Amino acid sequence: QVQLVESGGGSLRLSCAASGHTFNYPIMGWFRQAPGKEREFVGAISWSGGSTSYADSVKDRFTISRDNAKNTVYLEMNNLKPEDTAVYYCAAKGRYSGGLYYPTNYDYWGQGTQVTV
Amino acid sequence: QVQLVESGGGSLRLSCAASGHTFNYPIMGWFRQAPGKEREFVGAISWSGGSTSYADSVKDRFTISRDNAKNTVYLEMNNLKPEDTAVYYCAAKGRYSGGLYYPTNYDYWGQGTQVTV
Amino acid sequence: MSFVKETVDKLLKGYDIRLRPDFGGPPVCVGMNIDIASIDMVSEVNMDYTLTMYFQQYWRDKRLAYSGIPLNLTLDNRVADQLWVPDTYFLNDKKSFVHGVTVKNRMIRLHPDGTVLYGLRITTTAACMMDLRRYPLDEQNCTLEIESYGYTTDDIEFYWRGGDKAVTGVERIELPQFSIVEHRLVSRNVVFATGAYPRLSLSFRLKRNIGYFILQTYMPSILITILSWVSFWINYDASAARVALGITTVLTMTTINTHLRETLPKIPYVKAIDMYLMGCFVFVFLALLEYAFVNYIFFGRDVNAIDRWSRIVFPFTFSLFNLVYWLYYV
Amino acid sequence: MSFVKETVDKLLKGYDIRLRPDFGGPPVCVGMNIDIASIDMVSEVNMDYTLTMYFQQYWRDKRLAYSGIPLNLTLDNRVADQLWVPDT
Ligand SMILES: *[C@@H]1O[C@H](CO)[C@@H](O[C@@H]2O[C@H](CO)[C@@H](O[C@@H]3O[C@H](CO[C@H]4O[C@H](CO[C@H]5O[C@H](CO)[C@@H](O)[C@H](O)[C@@H]5O)[C@@H](O)[C@H](O[C@H]5O[C@H](CO)[C@@H](O)[C@H](O)[C@@H]5O)[C@@H]4O)[C@@H](O)[C@H](O[C@H]4O[C@H](CO)[C@@H](O)[C@H](O)[C@@H]4O)[C@@H]3O)[C@H](O)[C@H]2NC(C)=O)[C@H](O)[C@H]1NC(C)=O
Ligand SMILES: *[C@@H]1O[C@H](CO)[C@@H](O[C@@H]2O[C@H](CO)[C@@H](O[C@@H]3O[C@H](CO)[C@@H](O)[C@H](O)[C@@H]3O)[C@H](O)[C@H]2NC(C)=O)[C@H](O)[C@H]1NC(C)=O
Ligand SMILES: *[C@@H]1O[C@H](CO)[C@@H](O[C@@H]2O[C@H](CO)[C@@H](O)[C@H](O)[C@H]2NC(C)=O)[C@H](O)[C@H]1NC(C)=O
Ligand SMILES: CCCCCCCCCC
Ligand SMILES: CCCCCC
Ligand SMILES: CCCCCC
């Protein structure tokens, strides 16, 4: 298993720290859930740190980095809009789970932080 | 990307110097465009030297060579005839681009040097 | 059930398989979509990479159009052979196949509007020529080239379905010695004597991991050279000690170089690691020659000036060599 | 389209694959040309090299001659199954 903990929450940097069998769940994805709306896929990052994938809405605004030396994923935000107010979640995905944009494929979730702007 | 610059416009030596990602664009070809006439292939040189190809019109008269000391390709134009007057260009061609004799297959073109004699 | 059967048989009937859709009309338009599964071992010896993917071709055929039967049919193995499909092929592949177990990993789905979707599961070994001149500090560019074999641009056009989202699954790749920095999708019309053929290129940029080489190549050579410098501080009359030290450092350098080129890929031309190793070898050889000069001049034929000069010049020269090497190759 | 298919099927009729073009006549001229793609490997141990190429052959067969369709019939791989080819 893996235990994920999100922290943080206009230069905002969220941090999702993972502990446990992190190798078995390499891909890590950030989601956001505004009030009323369902979870939406914000971004995804691989194991080696390359080949990041962002959503169409926030492709250039946000940037996701990684450093396996401490098992933490950083989600930076440069310019924030008032539709971005939401609860930001972090999740882990298996190596043969499936697509990135669907929260069901992700196994272990985090409690999720809150951001308002 | 790659940038090509011509210089050196009896025996006339024309040196085309390439700067940039030369490996991704191994083959270099020479083209001539006389005023009012279409661009025409004359010769081509591969990456590792040798394997020179020439057009029928300039066979046994022009001999292309490369030393790659400073990534330079030398046309070494000899037996100059009055019909051999045109704007000479050097162009780069990828590993998988197609035939040598077609300008469309060449990615990057140099500024071009004028010879009138 | 029987209604679907007889309708599919009727769809087969009157169908010419040697003729593409709209033979005299405008060219067919085929959208490609790749879902990468993994990039297996990448060989410097063979200059190729093995890639597994789900390859999908999407096009429209008015001949295979039916009204009624709202569900989209799915031909599997037998009647699928009785439909026209594009003659797409990978230009630079060296060996490839469609997976067979348990059944042929192929799928054909026809929508009621005449649209055809053709999916395959393909493993393919593709040629990737590498510039191993800055090895192991090199950055490589591999490509997969997709092209029609017999039809020119006037008969078939290719494109990336979904634009830049056509290729997916890049993040799934977990090569051990390489990291994918970027990937690109390109569409061109390569011109042959026959005419302009379509072409698609899926390019990856790979950056090698360097800590392995820092651990097992650069550090031992530096330590051996530093050990070789100990002769200058050892007393000059300790002939057996200094000679044994120098010659054994030379032996260790040769051992390192030989076993290193044995364990590494063949790569039968010059690299950067070879220049670094040869520089270290020349340094230890020069140290032994320096002791030879000392022994001949003094004690043969208040520390001596030759060793006093060696102690300051050898580390300084080695530092300049490292500076030049790292600046040139980084 | 339908005319093209009918002409192709008419060409397919009246064709014995076992017989070369001009069986009783002089030899058939089979032009050839190659387009090299790469030489992958050159082994001194095995004394061989690997060569990838496009092999193009040109010949003539009056049995498959047609008319009334002024264009190049660029058929599919399948078409070959019915036509005689050189035993190169
Ligand atoms: C080697 O490494 C691999 C690396 O992945 C590792 O794999 C994981 O192994 C663990 C077990 O150790 C797997 O966890 C189990 O998964 C079960 C299936 O989960 C899916 O389906 C859930 C719904 O039930 C399914 O099955 C029923 C019939 O049984 C069927 O009717 C349903 O339709 C359905 O098919 C589903 O809930 C689950 O999660 C999704 O949905 C929930 C909804 O709440 C959501 O919270 C999740 O985020 C997610 O979207 C998933 O889709 C699962 O049933 C099982 O559950 C155990 O615990 C629950 C309580 O937590 C108990 O109720 C239940 O009885 C079980 O005890 C458990 O979670 C995990 O899926 C593997 N991961 C992958 C990617 O395969 C191996 O274990 C390693 N092994 C070794 C030897 O080293
Ligand atoms: C046969 O299969 C095709 C798909 O291969 C079906 O059509 C496709 O259906 C999907 C799902 O509805 C369409 O995708 C999206 O649907 C949502 C619905 O809310 C819409 O919001 C999106 O904009 C999008 O349209 C897809 O567009 C559609 N088109 C294609 C490619 O065929 C088809 O319905 C199936 N037929 C039956 C009845 O089985
Ligand atoms: C069918 O193919 C033939 C053979 O390539 C084409 O004819 C040749 O066309 C080229 C290009 O113009 C010329 O350089 C050759 O001299 C032609 N030779 C012969 C024998 O025809 C022909 O044009 C093609 N058909 C169509 C409709 O283009
Ligand atoms: C090159 C390693 C040899 C170090 C000798 C240092 C001697 C210090 C004397 C004070
Ligand atoms: C090949 C490098 C030689 C360095 C001499 C000090
Ligand atoms: C890269 C470190 C070199 C040190 C030489 C004294």
# chains A, B, ... in the order shown; residues from 1 in each chain; ligands from 1
call {"tool": "residues_around", "arguments": {"residues": "residue 18 (chain B)", "least_positions_apart": "4", "cutoff": "7 Å", "atoms": "only C-alpha atoms", "output": "list in words"}}
result
residues 2, 3, 4, 5, 71 and 72 of chain B
call {"tool": "write_last_selection", "arguments": {"atoms": "C-alpha atoms", "output": "mmCIF file, in the first residue's frame"}}
result
data_model
loop_
_atom_site.group_PDB
_atom_site.id
_atom_site.type_symbol
_atom_site.label_atom_id
_atom_site.label_comp_id
_atom_site.auth_asym_id
_atom_site.auth_seq_id
_atom_site.Cartn_x
_atom_site.Cartn_y
_atom_site.Cartn_z
ATOM 1 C CA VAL B 2 20.674 23.750 -37.717
ATOM 2 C CA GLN B 3 21.991 26.919 -39.369
ATOM 3 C CA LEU B 4 23.928 26.811 -42.650
ATOM 4 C CA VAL B 5 26.202 29.634 -43.843
ATOM 5 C CA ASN B 71 31.321 20.990 -39.574
ATOM 6 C CA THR B 72 32.126 22.311 -43.047
#
call {"tool": "residues_near_ligand", "arguments": {"ligand": "ligand 4", "cutoff": "7 Å", "atoms": "only C-alpha atoms and all ligand atoms", "output": "PDB file with N, CA, C and O atoms, in the first residue's frame"}}
result
ATOM      1  N   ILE C 226      45.247   9.857  -7.822  1.00  0.00           N
ATOM      2  CA  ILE C 226      45.658  10.471  -6.563  1.00  0.00           C
ATOM      3  C   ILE C 226      46.620   9.554  -5.819  1.00  0.00           C
ATOM      4  O   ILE C 226      47.572  10.014  -5.178  1.00  0.00           O
ATOM      5  N   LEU C 227      46.385   8.242  -5.887  1.00  0.00           N
ATOM      6  CA  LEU C 227      47.321   7.289  -5.298  1.00  0.00           C
ATOM      7  C   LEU C 227      48.668   7.338  -6.005  1.00  0.00           C
ATOM      8  O   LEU C 227      49.719   7.255  -5.362  1.00  0.00           O
ATOM      9  N   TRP C 229      50.034   9.843  -7.329  1.00  0.00           N
ATOM     10  CA  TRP C 229      50.762  11.033  -6.887  1.00  0.00           C
ATOM     11  C   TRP C 229      51.500  10.838  -5.563  1.00  0.00           C
ATOM     12  O   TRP C 229      52.320  11.692  -5.209  1.00  0.00           O
ATOM     13  N   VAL C 230      51.232   9.759  -4.822  1.00  0.00           N
ATOM     14  CA  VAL C 230      51.868   9.549  -3.522  1.00  0.00           C
ATOM     15  C   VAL C 230      53.372   9.319  -3.650  1.00  0.00           C
ATOM     16  O   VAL C 230      54.116   9.521  -2.679  1.00  0.00           O
ATOM     17  N   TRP C 233      55.654  12.262  -2.672  1.00  0.00           N
ATOM     18  CA  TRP C 233      55.866  12.476  -1.248  1.00  0.00           C
ATOM     19  C   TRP C 233      56.639  11.344  -0.589  1.00  0.00           C
ATOM     20  O   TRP C 233      57.296  11.575   0.431  1.00  0.00           O
TER      21      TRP C 233
END
call {"tool": "calpha_fit_rmsd", "arguments": {"fixed": "chain A", "moving": "chain B"}}
result
0.6 Å
call {"tool": "closest_residue", "arguments": {"among": "C:256, C:193, C:79, C:206", "to": "ligand 3", "atoms": "only C-alpha atoms and all ligand atoms"}}
result
C:193
call {"tool": "residues_near_ligand", "arguments": {"ligand": "ligand 6", "cutoff": "9 Å", "atoms": "only C-alpha atoms and all ligand atoms", "output": "PyMOL selection string"}}
result
chain C and resi 218-219+222-223+225-226+315-316+318-323+326
call {"tool": "write_last_selection", "arguments": {"atoms": "C-alpha atoms", "output": "PDB file, in the first residue's frame"}}
result
ATOM      1  CA  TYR C 218      35.195   8.452 -12.953  1.00  0.00           C
ATOM      2  CA  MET C 219      35.717   7.977  -9.208  1.00  0.00           C
ATOM      3  CA  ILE C 222      40.562   9.772  -9.977  1.00  0.00           C
ATOM      4  CA  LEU C 223      41.395   7.825  -6.816  1.00  0.00           C
ATOM      5  CA  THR C 225      45.631   8.917 -10.042  1.00  0.00           C
ATOM      6  CA  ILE C 226      45.658  10.471  -6.563  1.00  0.00           C
ATOM      7  CA  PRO C 315      47.444  18.001  -9.205  1.00  0.00           C
ATOM      8  CA  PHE C 316      47.257  21.368 -10.968  1.00  0.00           C
ATOM      9  CA  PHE C 318      45.009  17.130 -13.557  1.00  0.00           C
ATOM     10  CA  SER C 319      42.603  19.819 -12.333  1.00  0.00           C
ATOM     11  CA  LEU C 320      42.987  21.707 -15.616  1.00  0.00           C
ATOM     12  CA  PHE C 321      42.421  18.466 -17.533  1.00  0.00           C
ATOM     13  CA  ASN C 322      39.215  17.841 -15.578  1.00  0.00           C
ATOM     14  CA  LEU C 323      38.080  21.432 -16.137  1.00  0.00           C
ATOM     15  CA  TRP C 326      33.875  18.759 -18.164  1.00  0.00           C
TER      16      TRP C 326
END
call {"tool": "closest_residue", "arguments": {"among": "B:50, B:112, B:26, B:8", "to": "chain C", "atoms": "only C-alpha atoms"}}
result
B:26
call {"tool": "residues_near_ligand", "arguments": {"ligand": "ligand 2", "cutoff": "12 Å", "atoms": "only C-alpha atoms and all ligand atoms", "output": "PyMOL selection string"}}
result
chain C and resi 31+58-60+67-74+108-119+161-162
call {"tool": "write_last_selection", "arguments": {"atoms": "C-alpha atoms", "output": "PDB file, in the first residue's frame"}}
result
ATOM      1  CA  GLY C  31      -6.450   9.179 -38.534  1.00  0.00           C
ATOM      2  CA  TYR C  58      -9.748   5.429 -38.153  1.00  0.00           C
ATOM      3  CA  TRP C  59     -11.286   6.125 -41.557  1.00  0.00           C
ATOM      4  CA  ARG C  60     -14.562   6.280 -43.486  1.00  0.00           C
ATOM      5  CA  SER C  67     -28.991   1.448 -42.098  1.00  0.00           C
ATOM      6  CA  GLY C  68     -30.766  -0.155 -39.170  1.00  0.00           C
ATOM      7  CA  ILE C  69     -29.099  -2.332 -36.552  1.00  0.00           C
ATOM      8  CA  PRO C  70     -28.313   0.625 -34.230  1.00  0.00           C
ATOM      9  CA  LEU C  71     -25.493  -1.213 -32.440  1.00  0.00           C
ATOM     10  CA  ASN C  72     -21.981  -0.812 -33.949  1.00  0.00           C
ATOM     11  CA  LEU C  73     -20.837  -4.231 -35.250  1.00  0.00           C
ATOM     12  CA  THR C  74     -17.498  -5.851 -34.350  1.00  0.00           C
ATOM     13  CA  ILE C 108     -12.381  -4.082 -36.574  1.00  0.00           C
ATOM     14  CA  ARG C 109     -15.432  -2.022 -35.548  1.00  0.00           C
ATOM     15  CA  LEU C 110     -17.894  -0.563 -38.065  1.00  0.00           C
ATOM     16  CA  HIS C 111     -20.168   2.327 -37.110  1.00  0.00           C
ATOM     17  CA  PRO C 112     -23.514   2.686 -38.933  1.00  0.00           C
ATOM     18  CA  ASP C 113     -22.274   5.804 -40.789  1.00  0.00           C
ATOM     19  CA  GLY C 114     -19.751   3.790 -42.825  1.00  0.00           C
ATOM     20  CA  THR C 115     -16.913   4.585 -40.416  1.00  0.00           C
ATOM     21  CA  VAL C 116     -14.267   1.914 -39.763  1.00  0.00           C
ATOM     22  CA  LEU C 117     -11.976   1.623 -36.729  1.00  0.00           C
ATOM     23  CA  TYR C 118      -9.067  -0.834 -37.003  1.00  0.00           C
ATOM     24  CA  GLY C 119      -7.053  -1.616 -33.864  1.00  0.00           C
ATOM     25  CA  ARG C 161      -6.476  11.925 -34.830  1.00  0.00           C
ATOM     26  CA  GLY C 162      -6.983  14.179 -31.822  1.00  0.00           C
TER      27      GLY C 162
END
call {"tool": "closest_residue", "arguments": {"among": "C:186, C:17, C:167, C:288", "to": "chain D", "atoms": "only C-alpha atoms"}}
result
C:17
call {"tool": "residues_around", "arguments": {"residues": "residue 27 (chain B)", "least_positions_apart": "3", "cutoff": "6 Å", "atoms": "only C-alpha atoms", "output": "ChimeraX atom specification"}}
result
/B:45-47,92-93
call {"tool": "write_last_selection", "arguments": {"atoms": "C-alpha atoms", "output": "short mmCIF file (atom, residue, chain, number, x, y, z; two decimals), in the first residue's frame"}}
result
data_model
loop_
_atom_site.label_atom_id
_atom_site.label_comp_id
_atom_site.auth_asym_id
_atom_site.auth_seq_id
_atom_site.Cartn_x
_atom_site.Cartn_y
_atom_site.Cartn_z
CA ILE B 45 27.27 14.05 -49.38
CA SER B 46 26.47 11.62 -46.56
CA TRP B 47 27.36 11.84 -42.88
CA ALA B 92 20.31 19.57 -44.92
CA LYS B 93 18.31 16.33 -45.22
#
call {"tool": "interface_residues", "arguments": {"of": "chain B", "to": "chain D", "cutoff": "12 Å", "atoms": "only C-alpha atoms", "output": "ChimeraX atom specification"}}
result
/B:95-99
call {"tool": "write_last_selection", "arguments": {"atoms": "N, CA and C atoms", "output": "short mmCIF file (atom, residue, chain, number, x, y, z; two decimals), in the first residue's frame"}}
result
data_model
loop_
_atom_site.label_atom_id
_atom_site.label_comp_id
_atom_site.auth_asym_id
_atom_site.auth_seq_id
_atom_site.Cartn_x
_atom_site.Cartn_y
_atom_site.Cartn_z
N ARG B 95 17.61 11.64 -41.92
CA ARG B 95 17.92 10.24 -42.20
C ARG B 95 16.80 9.57 -42.98
N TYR B 96 15.54 9.96 -42.72
CA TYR B 96 14.37 9.43 -43.41
C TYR B 96 13.60 10.62 -43.98
N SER B 97 13.94 11.02 -45.21
CA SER B 97 13.28 12.15 -45.87
C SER B 97 12.87 11.81 -47.30
N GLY B 98 13.57 10.88 -47.95
CA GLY B 98 13.25 10.44 -49.29
C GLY B 98 14.40 10.65 -50.25
N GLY B 99 14.06 11.01 -51.49
CA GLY B 99 15.06 11.15 -52.52
C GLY B 99 15.91 12.39 -52.35
#
call {"tool": "residues_around", "arguments": {"residues": "region 7-17 of chain D", "least_positions_apart": "5", "cutoff": "12 Å", "atoms": "only C-alpha atoms", "output": "list in words"}}
result
residues 16, 18 and 19 of chain C; 1, 2, 23, 61, 62, 63, 64, 65, 66, 67, 68, 69, 73, 74, 75, 79, 80, 81, 82, 83, 84, 85 and 86 of chain D
call {"tool": "write_last_selection", "arguments": {"atoms": "N, CA, C and O atoms", "output": "mmCIF file, in the first residue's frame"}}
result
data_model
loop_
_atom_site.group_PDB
_atom_site.id
_atom_site.type_symbol
_atom_site.label_atom_id
_atom_site.label_comp_id
_atom_site.auth_asym_id
_atom_site.auth_seq_id
_atom_site.Cartn_x
_atom_site.Cartn_y
_atom_site.Cartn_z
ATOM 1 N N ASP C 16 -15.580 -4.612 -53.340
ATOM 2 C CA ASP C 16 -14.310 -4.856 -54.012
ATOM 3 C C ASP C 16 -13.185 -4.576 -53.024
ATOM 4 O O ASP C 16 -13.044 -3.445 -52.544
ATOM 5 N N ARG C 18 -9.812 -5.035 -53.545
ATOM 6 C CA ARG C 18 -8.613 -4.481 -54.160
ATOM 7 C C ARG C 18 -8.721 -2.985 -54.429
ATOM 8 O O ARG C 18 -7.726 -2.381 -54.848
ATOM 9 N N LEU C 19 -9.886 -2.378 -54.200
ATOM 10 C CA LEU C 19 -10.147 -0.987 -54.541
ATOM 11 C C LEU C 19 -10.367 -0.199 -53.258
ATOM 12 O O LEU C 19 -11.186 -0.589 -52.421
ATOM 13 N N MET D 1 -15.212 2.529 -61.881
ATOM 14 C CA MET D 1 -15.211 1.764 -60.641
ATOM 15 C C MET D 1 -15.709 0.341 -60.898
ATOM 16 O O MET D 1 -14.933 -0.615 -60.834
ATOM 17 N N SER D 2 -17.003 0.201 -61.196
ATOM 18 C CA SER D 2 -17.527 -1.103 -61.590
ATOM 19 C C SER D 2 -16.897 -1.564 -62.897
ATOM 20 O O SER D 2 -16.580 -2.748 -63.061
ATOM 21 N N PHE D 23 5.896 -17.896 -73.582
ATOM 22 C CA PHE D 23 6.411 -19.227 -73.274
ATOM 23 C C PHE D 23 7.221 -19.786 -74.437
ATOM 24 O O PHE D 23 8.309 -20.341 -74.241
ATOM 25 N N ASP D 61 3.842 -8.529 -69.753
ATOM 26 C CA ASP D 61 3.002 -9.709 -69.935
ATOM 27 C C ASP D 61 1.798 -9.297 -70.768
ATOM 28 O O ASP D 61 0.932 -8.562 -70.285
ATOM 29 N N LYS D 62 1.746 -9.767 -72.017
ATOM 30 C CA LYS D 62 0.615 -9.442 -72.882
ATOM 31 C C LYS D 62 -0.678 -10.065 -72.375
ATOM 32 O O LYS D 62 -1.768 -9.581 -72.702
ATOM 33 N N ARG D 63 -0.584 -11.140 -71.586
ATOM 34 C CA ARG D 63 -1.782 -11.777 -71.049
ATOM 35 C C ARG D 63 -2.572 -10.831 -70.156
ATOM 36 O O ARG D 63 -3.805 -10.915 -70.104
ATOM 37 N N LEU D 64 -1.888 -9.926 -69.456
ATOM 38 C CA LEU D 64 -2.519 -8.976 -68.549
ATOM 39 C C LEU D 64 -2.698 -7.594 -69.168
ATOM 40 O O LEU D 64 -3.011 -6.642 -68.447
ATOM 41 N N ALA D 65 -2.503 -7.457 -70.478
ATOM 42 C CA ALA D 65 -2.709 -6.171 -71.130
ATOM 43 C C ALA D 65 -4.192 -5.826 -71.169
ATOM 44 O O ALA D 65 -5.049 -6.705 -71.307
ATOM 45 N N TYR D 66 -4.495 -4.534 -71.042
ATOM 46 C CA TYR D 66 -5.865 -4.039 -71.069
ATOM 47 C C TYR D 66 -5.888 -2.679 -71.754
ATOM 48 O O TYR D 66 -4.864 -2.178 -72.229
ATOM 49 N N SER D 67 -7.076 -2.081 -71.806
ATOM 50 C CA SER D 67 -7.258 -0.775 -72.424
ATOM 51 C C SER D 67 -8.564 -0.179 -71.918
ATOM 52 O O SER D 67 -9.387 -0.864 -71.306
ATOM 53 N N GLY D 68 -8.743 1.113 -72.184
ATOM 54 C CA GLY D 68 -9.946 1.820 -71.802
ATOM 55 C C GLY D 68 -9.953 2.386 -70.398
ATOM 56 O O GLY D 68 -10.948 3.013 -70.010
ATOM 57 N N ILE D 69 -8.887 2.187 -69.626
ATOM 58 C CA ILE D 69 -8.768 2.721 -68.269
ATOM 59 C C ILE D 69 -7.449 3.485 -68.196
ATOM 60 O O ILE D 69 -6.436 2.919 -67.762
ATOM 61 N N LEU D 73 -3.119 1.210 -62.376
ATOM 62 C CA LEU D 73 -3.833 0.370 -61.418
ATOM 63 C C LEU D 73 -2.840 -0.073 -60.353
ATOM 64 O O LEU D 73 -2.099 -1.039 -60.544
ATOM 65 N N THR D 74 -2.810 0.652 -59.235
ATOM 66 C CA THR D 74 -1.932 0.333 -58.108
ATOM 67 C C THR D 74 -2.696 -0.611 -57.189
ATOM 68 O O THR D 74 -3.391 -0.187 -56.264
ATOM 69 N N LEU D 75 -2.645 -1.901 -57.524
ATOM 70 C CA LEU D 75 -3.450 -2.940 -56.834
ATOM 71 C C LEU D 75 -2.888 -3.228 -55.445
ATOM 72 O O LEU D 75 -1.945 -2.525 -55.039
ATOM 73 N N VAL D 79 -3.381 -9.059 -55.031
ATOM 74 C CA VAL D 79 -3.380 -9.195 -56.519
ATOM 75 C C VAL D 79 -2.237 -10.110 -56.965
ATOM 76 O O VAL D 79 -2.462 -10.901 -57.898
ATOM 77 N N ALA D 80 -1.060 -10.011 -56.349
ATOM 78 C CA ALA D 80 0.129 -10.814 -56.717
ATOM 79 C C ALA D 80 -0.197 -12.305 -56.709
ATOM 80 O O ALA D 80 0.295 -13.009 -57.606
ATOM 81 N N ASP D 81 -0.991 -12.769 -55.751
ATOM 82 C CA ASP D 81 -1.316 -14.209 -55.596
ATOM 83 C C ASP D 81 -1.763 -14.817 -56.923
ATOM 84 O O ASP D 81 -1.537 -16.026 -57.103
ATOM 85 N N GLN D 82 -2.365 -14.034 -57.817
ATOM 86 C CA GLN D 82 -2.937 -14.565 -59.080
ATOM 87 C C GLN D 82 -1.969 -14.384 -60.245
ATOM 88 O O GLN D 82 -2.099 -15.141 -61.224
ATOM 89 N N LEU D 83 -1.036 -13.442 -60.152
ATOM 90 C CA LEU D 83 -0.142 -13.105 -61.288
ATOM 91 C C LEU D 83 1.186 -13.852 -61.217
ATOM 92 O O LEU D 83 1.680 -14.047 -60.095
ATOM 93 N N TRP D 84 1.739 -14.257 -62.361
ATOM 94 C CA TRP D 84 3.068 -14.841 -62.436
ATOM 95 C C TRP D 84 4.104 -13.788 -62.072
ATOM 96 O O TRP D 84 3.963 -12.614 -62.426
ATOM 97 N N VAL D 85 5.140 -14.213 -61.355
ATOM 98 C CA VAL D 85 6.250 -13.339 -60.980
ATOM 99 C C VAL D 85 7.552 -14.087 -61.245
ATOM 100 O O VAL D 85 7.547 -15.326 -61.270
ATOM 101 N N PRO D 86 8.679 -13.402 -61.459
ATOM 102 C CA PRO D 86 9.940 -14.126 -61.653
ATOM 103 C C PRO D 86 10.330 -14.904 -60.407
ATOM 104 O O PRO D 86 10.025 -14.509 -59.279
#
call {"tool": "residues_near_ligand", "arguments": {"ligand": "ligand 5", "cutoff": "8 Å", "atoms": "only C-alpha atoms and all ligand atoms", "output": "number ranges by chain"}}
result
C: 275-276, 278-280, 282-283, 317-318, 321
call {"tool": "decode", "arguments": {"residues": "region 28-39 of chain B", "atoms": "N, CA, C and O atoms", "output": "compact mmCIF listing (two decimals), in the first residue's frame"}}
result
# COMPACT_ATOMS: atom_id res chain seq x y z
N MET B 28 23.89 16.31 -46.57
CA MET B 28 23.89 17.68 -47.08
C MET B 28 23.95 17.68 -48.60
O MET B 28 24.79 17.00 -49.20
N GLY B 29 23.06 18.45 -49.21
CA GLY B 29 22.97 18.58 -50.65
C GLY B 29 23.21 20.00 -51.12
O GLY B 29 23.03 20.96 -50.37
N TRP B 30 23.63 20.13 -52.38
CA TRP B 30 23.87 21.41 -53.03
C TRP B 30 22.85 21.61 -54.14
O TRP B 30 22.55 20.69 -54.91
N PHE B 31 22.30 22.83 -54.19
CA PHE B 31 21.32 23.20 -55.19
C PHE B 31 21.74 24.52 -55.83
O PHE B 31 22.44 25.32 -55.21
N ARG B 32 21.32 24.72 -57.07
CA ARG B 32 21.60 25.95 -57.81
C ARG B 32 20.31 26.49 -58.41
O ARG B 32 19.50 25.73 -58.94
N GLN B 33 20.13 27.80 -58.30
CA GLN B 33 18.98 28.50 -58.88
C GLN B 33 19.51 29.66 -59.71
O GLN B 33 19.89 30.70 -59.16
N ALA B 34 19.54 29.47 -61.02
CA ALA B 34 19.90 30.56 -61.92
C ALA B 34 18.73 31.53 -62.05
O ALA B 34 17.58 31.15 -61.79
N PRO B 35 18.98 32.79 -62.41
CA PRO B 35 17.88 33.77 -62.47
C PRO B 35 16.84 33.38 -63.50
O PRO B 35 17.14 33.19 -64.68
N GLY B 36 15.59 33.28 -63.05
CA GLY B 36 14.49 32.86 -63.90
C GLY B 36 14.34 31.37 -64.07
O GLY B 36 13.38 30.94 -64.73
N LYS B 37 15.24 30.57 -63.51
CA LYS B 37 15.24 29.12 -63.64
C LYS B 37 14.97 28.48 -62.28
O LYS B 37 15.26 29.07 -61.23
N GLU B 38 14.42 27.27 -62.31
CA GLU B 38 14.02 26.58 -61.09
C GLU B 38 15.24 26.05 -60.34
O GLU B 38 16.30 25.80 -60.92
N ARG B 39 15.07 25.88 -59.03
CA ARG B 39 16.11 25.27 -58.21
C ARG B 39 16.38 23.85 -58.68
O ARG B 39 15.45 23.08 -58.92
